[PDB]
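Text of the file final27.pdb, holding PDB, C-alpha atoms:
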ATOM      1  CA  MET A  20     -29.478 129.497  31.994
ATOM      2  CA  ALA A  21     -27.824 129.726  28.586
ATOM      3  CA  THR A  22     -24.102 130.557  28.737
ATOM      4  CA  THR A  23     -21.319 131.576  26.360
ATOM      5  CA  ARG A  24     -17.588 130.951  26.598
ATOM      6  CA  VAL A  25     -15.557 134.102  26.133
ATOM      7  CA  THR A  26     -11.891 134.875  26.564
ATOM      8  CA  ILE A  27     -10.937 138.261  28.005
ATOM      9  CA  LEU A  28      -7.690 139.803  26.726
ATOM     10  CA  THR A  29      -5.860 141.985  29.287
ATOM     11  CA  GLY A  30      -2.585 143.082  27.664
ATOM     12  CA  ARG A  31      -0.949 139.755  26.854
ATOM     13  CA  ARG A  32      -2.985 137.687  29.262
ATOM     14  CA  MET A  33      -6.029 135.731  28.268
ATOM     15  CA  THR A  34      -8.619 134.713  30.812
ATOM     16  CA  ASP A  35     -11.405 132.271  29.880
ATOM     17  CA  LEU A  36     -14.849 133.049  31.373
ATOM     18  CA  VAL A  37     -18.350 131.561  31.207
ATOM     19  CA  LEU A  38     -20.936 134.332  31.028
ATOM     20  CA  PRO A  39     -24.714 134.466  30.715
ATOM     21  CA  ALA A  40     -25.647 134.436  27.042
ATOM     22  CA  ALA A  41     -29.164 135.969  27.133
ATOM     23  CA  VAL A  42     -29.073 138.499  30.015
ATOM     24  CA  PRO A  43     -28.042 142.109  29.375
ATOM     25  CA  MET A  44     -24.328 142.757  29.795
ATOM     26  CA  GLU A  45     -25.013 145.622  32.278
ATOM     27  CA  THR A  46     -26.450 143.052  34.750
ATOM     28  CA  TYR A  47     -23.084 141.345  35.349
ATOM     29  CA  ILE A  48     -20.309 143.507  33.949
ATOM     30  CA  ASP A  49     -19.399 145.240  37.231
ATOM     31  CA  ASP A  50     -18.817 142.027  39.192
ATOM     32  CA  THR A  51     -16.968 140.587  36.091
ATOM     33  CA  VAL A  52     -14.521 143.478  36.357
ATOM     34  CA  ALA A  53     -14.256 142.874  40.092
ATOM     35  CA  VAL A  54     -13.568 139.126  39.672
ATOM     36  CA  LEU A  55     -10.948 139.711  36.947
ATOM     37  CA  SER A  56      -9.248 142.301  39.154
ATOM     38  CA  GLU A  57      -8.870 139.619  41.894
ATOM     39  CA  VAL A  58      -7.831 136.898  39.436
ATOM     40  CA  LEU A  59      -5.107 139.102  37.942
ATOM     41  CA  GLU A  60      -4.044 140.896  41.137
ATOM     42  CA  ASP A  61      -0.644 139.109  41.245
ATOM     43  CA  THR A  62      -0.004 139.355  37.485
ATOM     44  CA  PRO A  63       2.902 141.722  36.562
ATOM     45  CA  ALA A  64       1.760 145.069  35.089
ATOM     46  CA  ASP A  65       3.944 144.879  31.929
ATOM     47  CA  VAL A  66       2.113 141.642  31.019
ATOM     48  CA  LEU A  67      -1.241 143.433  31.455
ATOM     49  CA  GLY A  68      -0.127 146.256  29.130
ATOM     50  CA  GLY A  69      -0.733 148.680  31.994
ATOM     51  CA  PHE A  70      -4.429 147.665  32.235
ATOM     52  CA  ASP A  71      -6.145 149.606  35.019
ATOM     53  CA  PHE A  72      -9.026 147.842  36.826
ATOM     54  CA  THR A  73      -9.414 151.006  38.967
ATOM     55  CA  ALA A  74     -10.188 153.210  35.950
ATOM     56  CA  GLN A  75     -13.172 155.512  36.463
ATOM     57  CA  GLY A  76     -16.108 155.616  34.077
ATOM     58  CA  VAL A  77     -18.540 153.136  32.671
ATOM     59  CA  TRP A  78     -17.219 149.629  31.908
ATOM     60  CA  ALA A  79     -18.342 147.675  28.800
ATOM     61  CA  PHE A  80     -17.196 144.710  26.751
ATOM     62  CA  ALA A  81     -15.639 145.278  23.355
ATOM     63  CA  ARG A  82     -14.182 143.180  20.615
ATOM     64  CA  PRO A  83     -10.465 144.055  20.542
ATOM     65  CA  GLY A  84      -9.898 147.544  19.119
ATOM     66  CA  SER A  85     -13.604 148.127  18.329
ATOM     67  CA  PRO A  86     -16.296 150.404  19.791
ATOM     68  CA  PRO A  87     -17.923 148.920  22.913
ATOM     69  CA  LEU A  88     -20.939 146.653  22.854
ATOM     70  CA  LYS A  89     -24.233 148.119  24.071
ATOM     71  CA  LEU A  90     -24.687 147.366  27.767
ATOM     72  CA  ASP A  91     -28.453 146.888  27.394
ATOM     73  CA  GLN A  92     -27.829 143.990  24.994
ATOM     74  CA  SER A  93     -26.955 140.374  25.782
ATOM     75  CA  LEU A  94     -23.936 138.577  24.284
ATOM     76  CA  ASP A  95     -26.427 136.721  22.032
ATOM     77  CA  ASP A  96     -27.923 140.052  20.833
ATOM     78  CA  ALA A  97     -24.373 141.228  20.052
ATOM     79  CA  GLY A  98     -23.617 138.086  18.061
ATOM     80  CA  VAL A  99     -20.890 136.873  20.411
ATOM     81  CA  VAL A 100     -20.047 133.177  19.849
ATOM     82  CA  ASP A 101     -18.225 130.616  22.015
ATOM     83  CA  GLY A 102     -14.486 131.347  22.316
ATOM     84  CA  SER A 103     -14.770 134.982  21.142
ATOM     85  CA  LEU A 104     -12.091 137.389  22.362
ATOM     86  CA  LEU A 105     -13.386 140.366  24.286
ATOM     87  CA  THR A 106     -11.766 143.281  26.102
ATOM     88  CA  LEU A 107     -12.955 145.444  29.010
ATOM     89  CA  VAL A 108     -13.129 149.159  28.188
ATOM     90  CA  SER A 109     -14.235 152.303  30.059
TER      91      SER A 109
ATOM     92  CA  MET B  20      -9.593 131.345  36.734
ATOM     93  CA  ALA B  21     -10.966 128.257  38.482
ATOM     94  CA  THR B  22     -14.710 127.579  38.334
ATOM     95  CA  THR B  23     -17.191 125.297  40.052
ATOM     96  CA  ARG B  24     -20.672 124.444  38.804
ATOM     97  CA  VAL B  25     -23.194 124.895  41.572
ATOM     98  CA  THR B  26     -26.927 124.255  41.674
ATOM     99  CA  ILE B  27     -28.894 127.220  43.141
ATOM    100  CA  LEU B  28     -32.124 126.236  44.838
ATOM    101  CA  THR B  29     -35.002 128.760  44.779
ATOM    102  CA  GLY B  30     -38.152 127.141  46.184
ATOM    103  CA  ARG B  31     -38.529 123.972  44.078
ATOM    104  CA  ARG B  32     -36.505 125.338  41.141
ATOM    105  CA  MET B  33     -32.859 124.291  40.626
ATOM    106  CA  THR B  34     -30.624 126.379  38.397
ATOM    107  CA  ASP B  35     -27.020 125.486  37.542
ATOM    108  CA  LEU B  36     -24.447 128.280  37.519
ATOM    109  CA  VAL B  37     -20.742 128.229  36.751
ATOM    110  CA  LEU B  38     -19.131 130.393  39.452
ATOM    111  CA  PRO B  39     -15.537 131.552  40.152
ATOM    112  CA  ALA B  40     -14.183 129.031  42.681
ATOM    113  CA  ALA B  41     -11.178 130.892  44.106
ATOM    114  CA  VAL B  42     -12.228 134.503  44.703
ATOM    115  CA  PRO B  43     -14.336 135.684  47.706
ATOM    116  CA  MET B  44     -18.091 135.128  47.320
ATOM    117  CA  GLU B  45     -18.747 138.806  48.033
ATOM    118  CA  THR B  46     -16.916 139.696  44.777
ATOM    119  CA  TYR B  47     -19.689 138.258  42.579
ATOM    120  CA  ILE B  48     -22.789 137.512  44.717
ATOM    121  CA  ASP B  49     -24.677 140.761  43.982
ATOM    122  CA  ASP B  50     -24.569 140.328  40.174
ATOM    123  CA  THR B  51     -25.261 136.590  40.591
ATOM    124  CA  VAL B  52     -28.528 137.470  42.347
ATOM    125  CA  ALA B  53     -29.292 140.048  39.608
ATOM    126  CA  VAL B  54     -28.664 137.515  36.823
ATOM    127  CA  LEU B  55     -30.755 134.875  38.583
ATOM    128  CA  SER B  56     -33.505 137.481  38.995
ATOM    129  CA  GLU B  57     -33.705 137.844  35.185
ATOM    130  CA  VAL B  58     -33.351 134.079  34.488
ATOM    131  CA  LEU B  59     -36.194 133.168  36.896
ATOM    132  CA  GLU B  60     -38.361 136.167  36.068
ATOM    133  CA  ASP B  61     -41.106 134.005  34.446
ATOM    134  CA  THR B  62     -41.035 131.216  37.077
ATOM    135  CA  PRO B  63     -44.473 130.697  38.651
ATOM    136  CA  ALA B  64     -44.755 132.034  42.234
ATOM    137  CA  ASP B  65     -45.626 128.636  43.814
ATOM    138  CA  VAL B  66     -42.576 126.926  42.300
ATOM    139  CA  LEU B  67     -40.462 129.694  43.849
ATOM    140  CA  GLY B  68     -41.651 128.745  47.367
ATOM    141  CA  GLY B  69     -41.781 132.337  48.566
ATOM    142  CA  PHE B  70     -38.209 133.031  47.470
ATOM    143  CA  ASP B  71     -37.919 136.820  47.133
ATOM    144  CA  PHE B  72     -35.225 138.622  45.106
ATOM    145  CA  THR B  73     -35.773 141.761  47.217
ATOM    146  CA  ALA B  74     -32.997 141.629  49.822
ATOM    147  CA  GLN B  75     -33.672 141.650  53.580
ATOM    148  CA  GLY B  76     -29.960 142.208  54.311
ATOM    149  CA  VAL B  77     -26.654 141.429  52.635
ATOM    150  CA  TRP B  78     -26.930 138.389  50.386
ATOM    151  CA  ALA B  79     -24.979 135.215  51.169
ATOM    152  CA  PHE B  80     -24.806 131.670  49.864
ATOM    153  CA  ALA B  81     -25.887 128.859  52.206
ATOM    154  CA  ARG B  82     -26.141 125.097  52.053
ATOM    155  CA  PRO B  83     -29.906 124.488  52.463
ATOM    156  CA  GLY B  84     -30.853 124.657  56.166
ATOM    157  CA  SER B  85     -27.310 125.668  57.323
ATOM    158  CA  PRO B  86     -25.823 128.938  58.556
ATOM    159  CA  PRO B  87     -24.812 131.163  55.634
ATOM    160  CA  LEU B  88     -21.258 130.882  54.305
ATOM    161  CA  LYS B  89     -18.847 133.757  55.060
ATOM    162  CA  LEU B  90     -18.699 136.312  52.228
ATOM    163  CA  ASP B  91     -14.911 136.785  52.512
ATOM    164  CA  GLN B  92     -14.352 133.123  51.773
ATOM    165  CA  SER B  93     -14.303 131.419  48.387
ATOM    166  CA  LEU B  94     -16.314 128.408  47.202
ATOM    167  CA  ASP B  95     -13.077 126.361  47.476
ATOM    168  CA  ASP B  96     -12.578 127.600  51.093
ATOM    169  CA  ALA B  97     -16.126 126.376  51.816
ATOM    170  CA  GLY B  98     -15.410 122.911  50.334
ATOM    171  CA  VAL B  99     -17.896 123.416  47.460
ATOM    172  CA  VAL B 100     -17.735 120.849  44.653
ATOM    173  CA  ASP B 101     -19.355 120.324  41.282
ATOM    174  CA  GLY B 102     -23.118 120.182  41.617
ATOM    175  CA  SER B 103     -23.178 121.328  45.258
ATOM    176  CA  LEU B 104     -26.630 122.615  46.217
ATOM    177  CA  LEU B 105     -26.662 126.199  47.480
ATOM    178  CA  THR B 106     -29.325 128.730  48.317
ATOM    179  CA  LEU B 107     -29.249 132.531  48.513
ATOM    180  CA  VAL B 108     -30.140 134.074  51.869
ATOM    181  CA  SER B 109     -30.301 137.621  53.224
TER     182      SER B 109
END
Whole structure, structure tokens version:
Amino acid sequence: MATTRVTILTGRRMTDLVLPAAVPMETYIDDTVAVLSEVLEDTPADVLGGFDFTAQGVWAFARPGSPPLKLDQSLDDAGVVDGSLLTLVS
Amino acid sequence: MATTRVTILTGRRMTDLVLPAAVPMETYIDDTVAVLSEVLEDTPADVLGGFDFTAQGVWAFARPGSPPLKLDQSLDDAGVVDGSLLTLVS
């Protein structure tokens, strides 16, 4: 399985992940959010810039400050390269 | 976020995955199965040894031939190390 290294920015915190490169983002985004919520459960809120893992609505990846990537596309389709910064948006 | 590379056995096929080592298995197993479903979607049926992605219960990881690991535990809790062989069972 091809993979890509991405770093998720949550406020000031960076978290490095290894994600499937060629599978649509919709296939794994929900459990990604769930994992990151556990990983950052003890992190102070001011450091997370108030980030809410319990936000309602449809989660997607986005390059910081940009419109969200299409969930039916893979990271490869979206041109995401190793070490790219992404955010989680809903 | 700690990770451990595991080898998932499906029939005669072995597929390496980098999984979160420190969060409960139940946090990511469902999307792991979904991802693996896409990755192995062109694998010939005889290589798959009757492995079925259609669940007969709640999915769990298991060391081949052993009782399934508890979903509330992490890979670390289960003593899983790099290149540990695991299967998916329901």
Inset, instruction - Using the chain letters and numbers from the file, give me the residues hit by the ChimeraX specification (/A :<10) & /B, as a list in words. - result: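 That expression, the ChimeraX specification (/A :<10) & /B, corresponds here to residues 20, 21, 22, 34, 35, 36, 37, 38, 39, 41, 42, 43, 44, 45, 46, 47, 48, 49, 50, 51, 52, 53, 54, 55, 56, 57, 58 and 59 of chain B.
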Inset, instruction - Name every residue that the PyMOL selection byres ((chain B and resi 81-95) around 8) selects in this structure, writing the answer as an NGL selection string with chains first and numbers rising. - result: :B and (23 or 39-45 or 79-80 or 96-100 or 104-108)
Using C-alpha atoms, can you write the selected residues to a file as a PDB file, in the coordinates of the input?
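Result saved to out-v9.pdb:
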ATOM      1  CA  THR B  23     -17.191 125.297  40.052  1.00  0.00           C
ATOM      2  CA  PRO B  39     -15.537 131.552  40.152  1.00  0.00           C
ATOM      3  CA  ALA B  40     -14.183 129.031  42.681  1.00  0.00           C
ATOM      4  CA  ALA B  41     -11.178 130.892  44.106  1.00  0.00           C
ATOM      5  CA  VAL B  42     -12.228 134.503  44.703  1.00  0.00           C
ATOM      6  CA  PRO B  43     -14.336 135.684  47.706  1.00  0.00           C
ATOM      7  CA  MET B  44     -18.091 135.128  47.320  1.00  0.00           C
ATOM      8  CA  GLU B  45     -18.747 138.806  48.033  1.00  0.00           C
ATOM      9  CA  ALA B  79     -24.979 135.215  51.169  1.00  0.00           C
ATOM     10  CA  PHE B  80     -24.806 131.670  49.864  1.00  0.00           C
ATOM     11  CA  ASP B  96     -12.578 127.600  51.093  1.00  0.00           C
ATOM     12  CA  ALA B  97     -16.126 126.376  51.816  1.00  0.00           C
ATOM     13  CA  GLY B  98     -15.410 122.911  50.334  1.00  0.00           C
ATOM     14  CA  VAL B  99     -17.896 123.416  47.460  1.00  0.00           C
ATOM     15  CA  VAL B 100     -17.735 120.849  44.653  1.00  0.00           C
ATOM     16  CA  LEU B 104     -26.630 122.615  46.217  1.00  0.00           C
ATOM     17  CA  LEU B 105     -26.662 126.199  47.480  1.00  0.00           C
ATOM     18  CA  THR B 106     -29.325 128.730  48.317  1.00  0.00           C
ATOM     19  CA  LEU B 107     -29.249 132.531  48.513  1.00  0.00           C
ATOM     20  CA  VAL B 108     -30.140 134.074  51.869  1.00  0.00           C
TER      21      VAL B 108
END
Legend entry - Of the listed residues A:25, A:74, A:33, A:66, that which approaches residue 109 (chain A) most closely, counting only C-alpha atoms: A:74
Moved coordinates, chain A onto chain B, all Cα atoms, as an mmCIF file with C-alpha atoms, in the coordinates of the input:
data_model
loop_
_atom_site.group_PDB
_atom_site.id
_atom_site.type_symbol
_atom_site.label_atom_id
_atom_site.label_comp_id
_atom_site.auth_asym_id
_atom_site.auth_seq_id
_atom_site.Cartn_x
_atom_site.Cartn_y
_atom_site.Cartn_z
ATOM 1 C CA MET A 20 -9.728 131.199 36.189
ATOM 2 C CA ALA A 21 -10.738 128.152 38.214
ATOM 3 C CA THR A 22 -14.506 127.551 38.308
ATOM 4 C CA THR A 23 -16.991 125.380 40.192
ATOM 5 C CA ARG A 24 -20.364 124.051 39.085
ATOM 6 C CA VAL A 25 -23.097 124.764 41.593
ATOM 7 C CA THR A 26 -26.846 124.366 41.481
ATOM 8 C CA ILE A 27 -28.976 127.029 43.162
ATOM 9 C CA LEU A 28 -32.244 125.851 44.738
ATOM 10 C CA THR A 29 -35.053 128.454 44.685
ATOM 11 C CA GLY A 30 -38.159 126.757 46.114
ATOM 12 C CA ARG A 31 -38.595 123.803 43.773
ATOM 13 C CA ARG A 32 -36.517 125.192 40.949
ATOM 14 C CA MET A 33 -32.913 124.313 40.390
ATOM 15 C CA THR A 34 -30.640 126.553 38.382
ATOM 16 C CA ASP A 35 -27.149 125.376 37.370
ATOM 17 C CA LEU A 36 -24.401 128.045 37.518
ATOM 18 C CA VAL A 37 -20.649 128.208 36.887
ATOM 19 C CA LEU A 38 -18.981 130.390 39.505
ATOM 20 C CA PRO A 39 -15.409 131.408 40.276
ATOM 21 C CA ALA A 40 -13.864 128.828 42.582
ATOM 22 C CA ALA A 41 -11.012 130.839 44.179
ATOM 23 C CA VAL A 42 -12.343 134.429 44.426
ATOM 24 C CA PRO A 43 -14.236 135.570 47.527
ATOM 25 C CA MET A 44 -17.992 135.080 47.317
ATOM 26 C CA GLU A 45 -18.617 138.786 48.167
ATOM 27 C CA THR A 46 -16.970 139.763 44.833
ATOM 28 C CA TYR A 47 -19.753 138.241 42.702
ATOM 29 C CA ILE A 48 -22.734 137.455 44.900
ATOM 30 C CA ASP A 49 -24.678 140.664 44.175
ATOM 31 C CA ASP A 50 -24.653 140.259 40.387
ATOM 32 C CA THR A 51 -25.422 136.482 40.887
ATOM 33 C CA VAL A 52 -28.603 137.491 42.697
ATOM 34 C CA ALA A 53 -29.349 139.985 39.938
ATOM 35 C CA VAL A 54 -28.843 137.403 37.149
ATOM 36 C CA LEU A 55 -30.987 134.777 38.921
ATOM 37 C CA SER A 56 -33.728 137.367 39.419
ATOM 38 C CA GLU A 57 -33.804 137.921 35.607
ATOM 39 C CA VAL A 58 -33.557 134.202 34.812
ATOM 40 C CA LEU A 59 -36.486 133.381 37.105
ATOM 41 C CA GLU A 60 -38.575 136.508 36.461
ATOM 42 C CA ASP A 61 -41.279 134.550 34.559
ATOM 43 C CA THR A 62 -41.277 131.558 36.936
ATOM 44 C CA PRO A 63 -44.526 131.213 38.992
ATOM 45 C CA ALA A 64 -44.150 132.247 42.661
ATOM 46 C CA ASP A 65 -45.583 128.998 44.139
ATOM 47 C CA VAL A 66 -42.766 127.105 42.366
ATOM 48 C CA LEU A 67 -40.204 129.474 43.938
ATOM 49 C CA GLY A 68 -41.647 128.850 47.423
ATOM 50 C CA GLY A 69 -42.288 132.588 47.686
ATOM 51 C CA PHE A 70 -38.562 133.386 47.207
ATOM 52 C CA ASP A 71 -38.006 137.147 47.277
ATOM 53 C CA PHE A 72 -35.112 138.500 45.161
ATOM 54 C CA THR A 73 -36.042 142.009 46.415
ATOM 55 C CA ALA A 74 -35.406 141.104 50.067
ATOM 56 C CA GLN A 75 -33.353 143.694 51.949
ATOM 57 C CA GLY A 76 -30.192 142.819 53.838
ATOM 58 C CA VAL A 77 -26.939 141.142 53.037
ATOM 59 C CA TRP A 78 -27.036 138.225 50.565
ATOM 60 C CA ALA A 79 -24.860 135.098 51.038
ATOM 61 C CA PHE A 80 -24.717 131.530 49.790
ATOM 62 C CA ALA A 81 -25.736 128.708 52.087
ATOM 63 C CA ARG A 82 -26.011 124.977 51.899
ATOM 64 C CA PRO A 83 -29.747 124.226 52.164
ATOM 65 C CA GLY A 84 -31.028 124.838 55.700
ATOM 66 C CA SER A 85 -27.568 125.707 57.103
ATOM 67 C CA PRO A 86 -25.952 128.930 58.357
ATOM 68 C CA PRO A 87 -24.555 131.064 55.512
ATOM 69 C CA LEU A 88 -21.055 130.734 54.141
ATOM 70 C CA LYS A 89 -18.596 133.514 54.979
ATOM 71 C CA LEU A 90 -18.616 136.123 52.217
ATOM 72 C CA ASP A 91 -14.869 136.758 52.540
ATOM 73 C CA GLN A 92 -14.191 133.118 51.622
ATOM 74 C CA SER A 93 -14.115 131.489 48.186
ATOM 75 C CA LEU A 94 -16.170 128.397 47.291
ATOM 76 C CA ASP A 95 -12.888 126.419 47.498
ATOM 77 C CA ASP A 96 -12.224 127.769 51.035
ATOM 78 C CA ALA A 97 -15.761 126.684 51.985
ATOM 79 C CA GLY A 98 -15.212 123.188 50.611
ATOM 80 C CA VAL A 99 -17.850 123.498 47.896
ATOM 81 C CA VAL A 100 -17.479 120.786 45.215
ATOM 82 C CA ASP A 101 -18.845 120.504 41.662
ATOM 83 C CA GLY A 102 -22.627 119.959 41.585
ATOM 84 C CA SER A 103 -23.195 121.113 45.193
ATOM 85 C CA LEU A 104 -26.626 122.528 46.018
ATOM 86 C CA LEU A 105 -26.610 126.051 47.370
ATOM 87 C CA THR A 106 -29.298 128.540 48.370
ATOM 88 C CA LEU A 107 -29.324 132.352 48.474
ATOM 89 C CA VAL A 108 -30.081 133.788 51.919
ATOM 90 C CA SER A 109 -30.280 137.302 53.410
#
Inset, instruction - Apply the PyMOL selection byres ((chain B and resi 29) around 8) to the structure shown and report the selected residues as a PyMOL selection string. - result: chain B and resi 27-28+30-33+67-68+70+106-107
Could you write out as JSON the box around region 84-100 of chain B (axis-aligned, all atoms listed in the file, 5 Å on each side), with centre and edge lengths in Å to one decimal?
{"center_x": -21.7, "center_y": 128.8, "center_z": 51.6, "size_x": 28.3, "size_y": 25.9, "size_z": 23.9}
